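Counting neighbours? That spans all protein chains shown, and the Cβs are built from the backbone with ideal geometry, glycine included. No value in this document is a laboratory result; all are computed from the given coordinates.
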């Protein structure tokens, strides 16, 4: 997702805090002085939900216009290719190699299992590896939420 | 920086000097400025130091050539070229040579004599000792280098033993012990010395860092602790810094921490890392600040000044960072305003009142833009770090002075400021205040405005909604809930936090011109979709049989092949 | 003050304490403690302290005693009280609570305790680090 119109008062940590609850994130970057960033989700569903929900939502007093974009390497390749105006050819982003059975897209994990359909058998580590989701994840999520609500009020993190 | 760029700049300077054809004072000044710029933009490597020294020598400036060389030698223990140039310049010197050169020679021997590339330094020291008539100084210098491990350690020991005519066997047992220790150290070191001479070279890469040689040196320094560690650490650090490497810096600093050396040396090493390391690493600097915070107790006076200087520099280089501000506030309130439980409460409260007053004056003056350079807080304050200072003021007023009316006044006054309106710590402390008071009217208004007027990060919004749902469920009753329910806005403090869980612009309060309909199936691509104005698919056939069905009325048929895209990425980023 | 007894009614307090009695088998010990802290009034904090924190202190359960978040919860419960004056609550914390903990738990209790000290008690931080040598 290409986020444009940033106010330059926002950093990578705060932008990740903004765009975390819509899904898991591969990487978040903000080019220096370019007033725009990128958020690389894992799920297409997560990216679509983020675009649908965060549109015109003002980060640092400046309204934000979301649209699809590309990666960093692809960005540099496209810039050099339009400077040389040679080809302007893109490559499709890699797929998930269907079928995948463990995963449920648009799901969150932070930190036995009978592999029954109701739960989420597999999930993605928060940055990256693959860990088997357990029943203690709901406890850990609330624990971390209370931790960052107590500490964030004192002011150790704006996230 | 770039070796090719540096070579091109040197070639351009040489061409300009050649084309000047005169004394060219302006060209000399330009060359000096270029050399200073190269030194300040690069690591001030041995090649640039030697080039600057050669230029100064050609311009007949011995003092100027030594000064850059002295700076590069004190700023780099492995500055072999700088040390050699300094020795060559000090070979012919004034009467003060006997005091100046010996101190630098002793510093070099204590810093890098145990390195394999220290042969020229030892030779220069031996030549100076032989030329001088200070027999005791020469013997001490020979003894200092005779116990160090070098490549030509046997040759150095033999030379010392053959030159020691008046002190051949003054301490026969110490001499034999030193010779045996030096021989064993050289024999053990030879493998790593060869593996470094085949891999250790500054090229700014992995082969330049020489991972195998560095691992061998680290193993020989950690496992084989032969009590020579006090010099082996500097000897290994020379090659380690010959590579910047964050992990190597952490390893080295942890190693002196395990040594528990005196505070000024580790402080100096932290400062050297702060200078040499480039910006945007944010790890060694925070480690250094935390080290100052923990070791402050020892001195209580010098560490305060060091902390203030470091925080000023860090907040000047990182305008948007915030943890620096809370660390500075904690340091200031801990040192400058010292409280203790033994002394009287009336005296204690005066410090808190003065703290509230200084915070209030600084905030008001910065809002009205009248900076006062006398107070360090006002000049150190920043536009991103204003909400933290005001929230600290709120916290002190509400908790210590226990002035609820004034706390509410401060909230009302500084809520409307655009500069601190959409901040996380301020609104979280407001939430903690309106939770310490049980009142639910303010909290309901707050979580109703959480999507409209108060723009907070969605993670913090989720946390606030969950915690408020739990707090309400635990501390309210059905009578209060029913009184709080109003159906005009469909707001209910039990279900509304669940519905607004992840939708920031969720509002409780013709469907073909809207963006949601225009890009239903595909997001980011807006296309007008053809449709029938009077569609009868809703009606059942049973009531359709009533009357003859009208012909269709159409809409957006010419637009089935024209599809438009708002290419924001290409428009605003590639074309900028 | 119409402070409704949320978790301090004998029907629910029995269940909460019964779950707290397992002390390693369950998962929500810290969440229960932190959600039990929030009462913010004289009599209610007196009851909560005497019934939960004092009783655990006297029982000496090592799991809860070495968990620094428990001590953070206790200090936070006392410090946010709207009845005590600032000097009274600072005196109470510094001279009662901290001496009650054992020194062998320092390496585990120090993080959260120092986090609370940096946030609210910058002046007493010297006393904390001196006592915890």
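Taking only the Cα atoms of the stretch B:229-299, the radius of gyration and Dmax are 12.1, 35 Å. Placing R0 at 35 angstrom, the Cβ-Cβ distance between residue B:346 and residue B:261 gives a FRET efficiency of 0.20 after rounding to 0.05.
Over the protein assembly as shown, dividing the summed -39,500 (n - 2.57) contributions of all DSSP H runs of at least 4 residues by the number of residues returns a 222 nm mean residue ellipticity of -17500 deg cm²/dmol. Computed over chain B, the Cα gyration tensor eigenvalues convert (square root of 5λ each) into semi-axes of 69, 36, 26 Å, ordered from largest to smallest. The convex hull drawn around the Cα atoms of the stretch B:60-189, when projected onto a plane and averaged over every direction, covers 7.8 nm². Distance between the C-alpha centres of the stretch A:82-133 and the stretch B:5-55: 54 Å, rounded to the whole angstrom. Compute the distance from the alpha-carbon center of the stretch B:464-535 to that of the stretch C:1-67, in whole Å. That distance is 37 Å. Calculated translational diffusion coefficient of the stretch B:278-320 (20 °C, 1.002 mPa s; Stokes-Einstein with Kirkwood radius over alpha-carbon pairs) equals 195 µm²/s.
With the convex hull of its Cα atoms as the shape, the stretch B:29-128 has an orientation-averaged projected area of 6.2 nm². Radius of gyration (Cα atoms) of the stretch B:78-127, expressed as a multiple of 2.2 N^0.38 Å: 1.06.
The ellipsoid that matches the Cα gyration tensor of the stretch A:6-76 has semi-axes, each √(5λ) in whole angstrom, of 17, 16, 11, with the longest given first. Here the Kirkwood formula, the inverse mean of 1/r across different C-alpha pairs, assigns chain C a hydrodynamic radius of 15.6 Å. Mean projected area of the Cα convex hull of the stretch A:1-41, taken over all directions, amounts to 2.6 nm². For chain A, the fraction of C-alpha pairs more than 28 angstrom apart is 33%. Legend: mean number of C-beta atoms from other chains within 10 angstrom of residue C-beta atoms, peptide A:132-144, equals 2.
Once Rh is set to the Kirkwood radius over Cα pairs, what Stokes-Einstein translational diffusion coefficient, in µm²/s, holds for the stretch A:101-159 at a temperature of 37 °C and a viscosity of 0.692 mPa s? It diffuses with D of about 251 µm²/s by this estimate.
The Rg/Rh ratio for the protein assembly as shown is 1.04, where Rg is the radius of gyration of the alpha carbons and Rh is the Kirkwood radius. Note on the stretch B:276-381: along the principal axes its Cα atoms extend 48, 40, 19 Å, ordered by decreasing extent.
For the stretch B:342-440, averaging the sequence separation of C-alpha pairs within contact (under 8 Å, six or more residues apart) and dividing by the residue count gives a relative contact order of 24 percent. Annotation: the stretch B:222-268 has a Kirkwood hydrodynamic radius of 11.4 angstrom, from the mean reciprocal C-alpha pair distance. With 0.36 nm allotted per residue and the present C-alpha distance subtracted, the residue B:183-residue B:207 stretch has 5.6 nm of extension available.
For the stretch B:350-499, the equivalent ellipsoid derived from the Cα gyration tensor has semi-axes of 34, 17, 12 Å, listed largest first.
Averaging 1/r across all pairs of distinct Cα atoms in the stretch B:400-471 and inverting the result yields a Kirkwood radius of 12.8 Å. Take the Kirkwood radius over Cα pairs of the stretch C:1-66, plug it into Stokes-Einstein at 4 °C and 1.567 mPa s, and you get 103 µm²/s for translational diffusion. Once you reduce the stretch B:271-334 and the stretch B:211-263 to the center of their Cα atoms, the two points are 24 Å from each other. For the stretch B:175-261, the C-alpha radius of gyration sits at 1.13 times the compact-globule guess of 2.2 N^0.38 Å, with N the residue count.
Using the alpha carbons alone, the radius of gyration of the stretch B:1-83 stands to its Kirkwood radius in an Rg to Rh ratio of 0.96. Summarising the overall dimensions of the stretch B:52-105 from its C-alpha atoms, the Rg and Dmax are 10.5, 28 angstrom.
Pairs of C-alpha atoms in the stretch B:451-575 farther apart than 26 Å represent 57 percent of all such pairs.
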